[PDB]
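Below, each chain spelled out in residue letters.
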Amino acid sequence: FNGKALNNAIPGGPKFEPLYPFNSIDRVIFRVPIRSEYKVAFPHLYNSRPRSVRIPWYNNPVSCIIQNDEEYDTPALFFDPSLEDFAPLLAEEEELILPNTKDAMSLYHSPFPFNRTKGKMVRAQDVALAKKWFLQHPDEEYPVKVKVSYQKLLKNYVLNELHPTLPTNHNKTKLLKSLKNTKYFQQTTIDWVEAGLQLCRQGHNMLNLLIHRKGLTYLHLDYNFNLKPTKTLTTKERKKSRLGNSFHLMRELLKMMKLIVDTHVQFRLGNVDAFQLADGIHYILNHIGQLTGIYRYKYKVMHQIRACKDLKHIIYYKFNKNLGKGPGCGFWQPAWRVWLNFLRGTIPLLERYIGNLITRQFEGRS
Amino acid sequence: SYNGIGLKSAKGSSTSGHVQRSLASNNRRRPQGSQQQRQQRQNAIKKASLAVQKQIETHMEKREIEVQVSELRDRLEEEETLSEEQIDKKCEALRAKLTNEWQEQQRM
Amino acid sequence: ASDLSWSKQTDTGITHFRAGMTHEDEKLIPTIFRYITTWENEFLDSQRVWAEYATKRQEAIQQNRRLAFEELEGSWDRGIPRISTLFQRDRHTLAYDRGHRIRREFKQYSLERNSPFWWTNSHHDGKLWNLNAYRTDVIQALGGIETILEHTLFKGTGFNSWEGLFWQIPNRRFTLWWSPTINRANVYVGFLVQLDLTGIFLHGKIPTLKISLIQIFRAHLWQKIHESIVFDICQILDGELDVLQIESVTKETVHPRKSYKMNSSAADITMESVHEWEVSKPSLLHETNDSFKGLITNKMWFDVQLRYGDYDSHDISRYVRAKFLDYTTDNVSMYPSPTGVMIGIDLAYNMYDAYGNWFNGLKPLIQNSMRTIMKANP
Amino acid sequence: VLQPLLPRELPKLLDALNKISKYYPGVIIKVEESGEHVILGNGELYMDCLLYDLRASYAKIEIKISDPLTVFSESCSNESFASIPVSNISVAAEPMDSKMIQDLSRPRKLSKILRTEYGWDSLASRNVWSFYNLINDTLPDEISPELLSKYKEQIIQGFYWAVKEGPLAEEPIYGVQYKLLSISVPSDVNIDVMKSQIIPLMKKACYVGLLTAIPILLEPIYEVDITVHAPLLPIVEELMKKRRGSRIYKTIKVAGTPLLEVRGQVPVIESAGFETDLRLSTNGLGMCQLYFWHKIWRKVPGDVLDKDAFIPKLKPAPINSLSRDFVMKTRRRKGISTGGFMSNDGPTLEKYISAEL
Amino acid sequence: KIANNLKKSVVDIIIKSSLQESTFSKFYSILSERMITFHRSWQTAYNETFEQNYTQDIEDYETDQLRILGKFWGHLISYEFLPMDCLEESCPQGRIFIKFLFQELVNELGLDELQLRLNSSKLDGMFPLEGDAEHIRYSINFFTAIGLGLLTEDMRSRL
RNA sequence: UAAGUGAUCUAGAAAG
RNA sequence: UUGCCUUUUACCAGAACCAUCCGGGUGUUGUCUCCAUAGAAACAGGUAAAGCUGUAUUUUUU
Ligand SMILES: O=P(O)(O)O[C@H]1[C@H](OP(=O)(O)O)[C@@H](OP(=O)(O)O)[C@H](OP(=O)(O)O)[C@@H](OP(=O)(O)O)[C@H]1OP(=O)(O)O
Ligand SMILES: [Mg+2]
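Residues numbered from 1 in each chain as written, not as in the entry; some residues may be left out. Chains lettered and ligands numbered in written order. Part of a larger assembly, values for the part shown. Heavy atoms only, no water. Residues with missing side-chain atoms left out of burial classes, pairs and counts.

In its metadata, the entry names cryo-EM as the structure determination method and reports 4.17 Å as the resolution.

Structure follows, in structure tokens:
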């Protein structure tokens, strides 16, 4: 935040758009070459004219000595000092250490995920397997592009941290809950693949219904949600058929979905191995740009795409340390998380957009 | 930006905004050590090059006498000389003996 | 880019270099500034050469001769004004053009297209620069002529040599020339689409390029090419029917789509044999050591696989192999035998290649065939 | 050194400063002649905290700030060779004994005895003292005969002014004796007009003495405390090398843990972002500290009163050029010097005896 | 990151590039200075390149190119070499290169100053004091071609 | 008492 | 407020404001489910088990 607020980017981390648009050489004595690192450390002192600047932490030296294996309670890494019938407490407890306490100590020193032995669940989505890599420092001498990726990720993270989006509480009537309340929905336990395929079928029927309703039957939807015109279009017809950024965006989301669901189908239809599936899914998520022109219609999706790219760059180079190059990495989690959050963002937007669209289809335009 | 030296930000510039340190910086870091012989020669070219002293000497001399006086004071105040006459007498003696010796010095 | 806060106070020695106009795969493009004689040099130089001229003029006078440009060569291109101005085709006309600089200056106030080089005149001072050096150096610096054309669609035209080239319509040409580079396989977000009737996968729309390519393959040209090649192959087989023990060379009539359909492929020619053939394991054309396993075939198939490469996907062999063992081992568009042959032609580079199983003594015929067709298919 | 960003909001800062003073006891807040206020922090972090408090919750004003200067202190190396008097008073000086310095940083007969215990000094010099802050010895010859030498309270205050604002750059005097040698008091004079003369004249005398004493400038030194993991020990050494004038005195190995709580000494000038830099280099395994309770001043290397002196404008000045740079720069800061080009030097007649003859 | 092997080669290349141009550039001079300053190895390289030039390559050049080279060397000489100068017999183009160099030096430093500087140095081939039988005549003669003093003085000394 | 650690923006669709 | 640009969408990325959305917490009610399903046991003690205290020679009591 401080780096942001002063444009004093710490080179391992992010660099932002600037927050804004005596002291002569004759006077001062440049003995210490005053670095940027200091300008964020003691922001109010080394950096004159601070604005909107936070105060960081300051700290104690950590000597958490970790054990390698096959022993307990030993000074290893360090040096040693210069120089009426009753037993003590907890008698008849001969073994000082239990077989788990070697590990328990380790556990105790761990961070927030494992630290503790109870918790509330979180959504797979809500777990950030990838945040902990790029929040901590980049390991050693990755290619420039990966370093850039890291920086990009941090820039995102800081932004997210910085503009707290406090969720409004009064609206505790969810969409699904609302739907559940009515009679016209029932509920079943369906296989996720079944749900997918059914939703492709449903989505396809929806979009075709919409298009035909509009009148422009000459726009043939392919089952792969890749829209194209059947005939050469008369200018009038062409004008009519320029479907907007709502319909196309809907199509693109279904295209996205159709891909991953199709891959699952393939996997489960006996074609491809689970590793192959995982790689497939990963490929899809990291190449949503290249597999479905989502960016075309809603270009802010470039951020999402960029994020995915960054993740890939990060992941691969933690996935391919000793392992060589190649395509066979899976691990689709963080990218998947990105896409989920993009959908979260857009669900409102598409409810509005497609809402208005179908309203126009039904009610005339105002 | 980095150390008062990066581009404000990469937006605008229309470029990476990648910021190398030059390696002529080592030349600008040590040009005095590299071209020490330039100034050294110059320095070499110009490298060859009473009242106050008198005053100091005088101070030392009078000061010495005053030290004698002090010593007298010490001897008196410590070892059996509760009276003022003893002090004054001692001072007088110092003046006479001291300024005698110093008169001798003057003569020489 | 020196320390901006200090630099305002005093001049610094330049400490930190920022990257100006950068690029991925950074070929060090030379500037223009290095190829222009900096003014101070030009002026000291001018003083020298004019002094020399003066001296030689005196010599000429003494000797009573015309001081010809044979003697002053070398200094011809130097000095201000340029020595060339002494012996241009009409000094004795330009002698009476006094007040020239001022007139050039005041063209500013009396014209629409105010000249960019108001400050000098070539008649009076000569070429005050020369950037052929810049041209030459730049071409040398982009891997030479040789290497630039790998970016271009030069390979597509199929000249003997590039050296034999010499003797919104104008920019269309430009776009088409860098077709391969501009329509590139490796690309950021570009969504893949194919142009109509073709295998020209545009990685994100370009209008001009699309217009070009479509005009290039007007009259279903791609399809025609595909069918033509198939016909040729059939003819060849007919010719050499009894040599390779073939019962019947039938063409499996597919939709017109097949020519350019890329997700699937029905086989173009189906090859009914007389006896069982014992085809080799799948391999490329130029892969000589074809392994004859105990597997046999009563029937082969020949498929063509037209493609239009980029500056990134410009190997064909790999692609054709991929195509072969993609469509075989795919449960859409099955061939009558899983054993067969597949040809593919990179139309953008004239890089034929083929992969698949091999009947004994067949390979040479196919190699020769491809060589012939490429040399001259209509 | 604070200045408010807008002169319109100057009174607020003054009020703010007052509040800060009230709240932060360990802050000498000298209002410098220019208006540019000085704030003396204990160290870096404390100073920052002070500034934060000021700039956020008391002032709420944007504030120009000087890079962290250090309170230097003028002094001498040898005894003053000359004894040039002062007029419209000749004060000699010499370096206080290094044991006696320390003794000072924490009944005439008794004091005299003590002095003789400290440095075995003469009873004459023992009797005539009136020290502060360093030592004002009333040690001419006529002073015991004279009672013009009496009523030296005013004189002592003048001496206090000298101590406060030294000759070099209004930098306080430290570790220096002051042997008086004469006084230019004529017969008939009023004690108001005579005393008033002697006060600034005393300052002049002191300055003269300093000049003739081979004056040296003294920077302070933080005593350092660096706990680090043993494996990252030579890194610290390297860093110290990178810093100027930094000494490392004992690497006492802290028992039962990898920490080598090494004491050190960084000059207060060279120290800036030291903690932070150390932390960075050490990968956050080096929770370091700086502090200044010993009052262990030391000579800045290089000699004051040089013409050419140094090379750089931007780069840190060399070791042997340093003192001069500090002096001239500090004079500029304090507004004593005239423009860019100037010099610290003697304001006395005889052409300075033709520059030491 | 060029290793000590080719540093000399790099310097040679740089020199050749300089030669290719119409005239001597401050550019090349500054580059030379920077590299020289950097590491002792590059100083060595520049030196040895100089040796190569006056030894063997020098006589192949044309008066323009040669002149440029001389100028370049003069600029370097004025600061970042010692005036070590391995220099009657050899006067094809080398001597005129020398002329150019001297001209550059004089233009930069100054005449009297230059003399002082050289006086400080050894200067065996340029300024011999031991007569060697009408041999100083040669050097003296050559330096009279350009505006230089002290040749007369030298001859007086020698008789 | 004499070298080279490091900061690396973009990015494509519609309609005109 | 900048950037790409130049015509808008779509956008670049910062700001200040605000909203939407994906979710979360509790607490209380109610339902749904799976298990259940007793209208009386102490007192006198004994048996066994759980919670505290107990094991004079000067200031508490020898
Ligand atoms: O950096 P990007 O433009 O996103 O391209 C990357 C990158 O290729 P380049 O370095 O050639 O650009 C990766 O290569 P490495 O940096 O890892 O060597 C490669 O990753 P793999 O090496 O793991 O294949 C990956 O390819 P893929 O998507 O097949 O994983 C590929 O992405 P694109 O194929 O989308 O260009
Ligand atoms: Mg309009």
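Colleague: Break down the overall build of chain A for me, with residues and values.
Modeller: Regarding its fold elements, chain A presents 15 helices and two strands. Relative to a compact globule of 366 residues, whose C-alpha radius of gyration would be 21 Å, chain A shows 29 Å and is clearly more extended. In terms of overall dimensions, chain A has C-alpha extents of about 100 × 75 × 50 Å along its principal axes. (Helix = DSSP H or I, 4+ residues; strand = E, 2+ residues; numbered from the N terminus. Rg over C-alpha atoms; globule rule 2.2 N^0.38 Å.)

Colleague: Give a detailed account of the overall build of chain E, specifying residues and quantitative values.
Modeller: Along chain E, the regular secondary structure elements total eight helices and zero strands. Seen in sequence order, chain E has helices and strands lined up from the N terminus as α-α-α-α-α-α-α-α. Here the C-alpha radius of gyration of chain E, 16 Å, is about what a compact globule of 159 residues would show, namely 15 Å. Dimensions of chain E, computed from the C-alpha atoms along their principal axes, are close to 55 × 30 × 25 Å.

Colleague: A description of the interface of chain A and chain D should follow, citing residues and the corresponding values.
Modeller: Contacts between the two partners involve 33 residues from chain A, matched on the other side by 49 residues from chain D. For the side of chain A that touches chain D, the secondary structure elements donating two or more residues are α2 (36–41) and α3 (43–46) of chain A. Per-element tally for the side of chain A that touches chain D: the top contributor is α3(A), with four residues. Considering only residue class, the side of chain A that touches chain D consists of 21 nonpolar, six polar and six charged. (Contact = heavy atoms within 4.5 Å. Nonpolar A, V, L, I, M, F, W, Y, C, P; charged D, E, K, R; others polar.)

Colleague: Break down the interface of chain B and chain D for me, citing the residues and quoting the values.
Modeller: Taken residue by residue, the interface counts 12 residues in chain B and nine residues in chain D. Top element by residues in the side of chain B that touches chain D is helix α4 (residues 51–78) of chain B. It accounts for 10 residues. Split by residue class, the side of chain B that touches chain D holds three nonpolar, four polar and five charged.

Colleague: Mind laying out the pairing of strand β7 (residues 215–219) of chain D, listing which residues take part and the relevant values?
Modeller: All names here are of chain D. Bridge count between strand β3 (residues 73–76) and β7: four bridges; the pairing is antiparallel. From the neighbouring strand, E74 faces β7, where its bridge partner is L217. Of the strand pairs in this sheet, β7 and strand β12 (residues 298–299) are connected by two bridges, and their pairing is antiparallel. Bridging from a neighbouring strand, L218 pairs with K299 of β12. (Pairing = 2+ DSSP bridges.)

Colleague: Can you tell me about the arrangement of the chains, naming the residues and giving the values?
Modeller: Between chains A and D lies the most contact-rich interface of the eight pairs of chains that touch. Across the gap from chain A to chain E, with no contact made, the nearest C-alpha atoms are 18 Å apart. The least C-alpha distance between chain D and chain E, which are not in contact, is 17 Å.

Colleague: Talk me through the packing of helix α11 (residues 274–286) of chain A against helix α14 (residues 301–319) of chain A; I want residue IDs and the actual numbers.
Modeller: All names here are of chain A. Two elements in contact, α11 and α14, have axes separated by 9 Å at closest approach and are oriented at 135 degrees. Our classification of the angle between α11 and α14 gives oblique. For the pair α11 and α14, contact is made by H282, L285 and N286 and by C308, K309, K312 and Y316, respectively. A class-by-class count of the residues in the contact of α11 with α14 yields three nonpolar, two polar and two charged. (Axes fitted to C-alpha atoms, helices over the stretch in contact; angles between N-to-C directions. Parallel < 35°, antiparallel > 145°, perpendicular 65-115°, else oblique.)

Colleague: Can you break down the sheet that holds β3(D) residue by residue, with the values?
Modeller: Reading across the sheet, the three strands line up as β3-β7-β12 (chain D) and stay open at both edges, with antiparallel pairing between neighbours. Bordering the open sheet on either side are β3 and β12 of chain D, each of which pairs with just one other strand.

Colleague: Explain the packing of helix α10 (residues 247–268) of chain A against helix α15 (residues 333–362) of chain A to me, and be specific about the residues and the numbers.
Modeller: Residue and element names in this part refer to chain A. In the contact formed by α10 and α15, the axes pass within 10 Å of each other and the chain directions differ by 145 degrees. Relative to α15, α10 is oriented so that their crossing is left-handed. The residues of α15 that touch α10, namely those facing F247, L249, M250, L253 and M256, are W339, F342, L343, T346, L350, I354 and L357. Of the residues in the contact of α10 with α15, the class split is 11 nonpolar, one polar and no charged. (Left-handed = near helix turned anticlockwise from the far one by under 90°.)

Colleague: I'd like a description of the pattern of salt bridges, backed by residues and values.
Modeller: Two residues, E252(A) and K255(A), come together in a salt bridge whose shortest N-O distance is 3.6 Å. Placement of the pair is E252(A) and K255(A) together in helix α10, with a separation of three residues, close to one helical turn. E9(D) serves as the salt-bridge partner of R8(D), at 3.9 Å between the closest nitrogen and oxygen. The network of salt bridges with shared partners includes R251(A), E252(A) and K255(A). (Salt bridge = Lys/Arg side-chain N within 4 Å of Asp/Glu carboxyl O.)

Colleague: So what about the sheet that holds strand β4 (residues 90–95) of chain D? Which residues, and what values?
Modeller: Residues and elements named next belong to chain D. Pairing within the open sheet is mixed, and its three strands lie in the order β4-β6-β5. The outermost strands of the open sheet, each flanked by one partner alone, are β4 and β5 (135–137). Direction aside, the axes of adjacent strands within the sheet are offset by 25 degrees on average. Summarising the sheet, β5 and strand β6 (residues 176–182) pair through three bridges and their orientation is parallel. Paired with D137 across the bridge in β6 is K179.

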